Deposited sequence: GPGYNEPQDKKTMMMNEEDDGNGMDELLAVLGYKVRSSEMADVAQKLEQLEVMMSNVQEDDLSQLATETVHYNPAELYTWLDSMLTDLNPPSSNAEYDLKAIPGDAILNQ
């Protein structure tokens, strides 16, 4: 159920969660424009949903 066009690019995202990932990306941009990289190195960069969710928390 993963988006195969993103999977080939190294990213793992469920097709049904694409909109939720899009929402998180914008929420993260918002927080950045109101402000981190140290703790980022610990997160799995391929799992976008969890990566973004983890970043949002750190902010």
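Going by the record, the unmodelled stretches of the deposited sequence, in order, are 1 to 22, 58 to 64, 89 to 110.
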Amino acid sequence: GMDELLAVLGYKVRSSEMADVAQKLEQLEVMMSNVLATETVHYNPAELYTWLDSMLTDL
From here on, numbers count along this sequence of modelled residues.
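Of the two segments, 5 to 13 and 36 to 44, the one listed with the higher mean B-factor is 36 to 44 (C-alpha atoms only).
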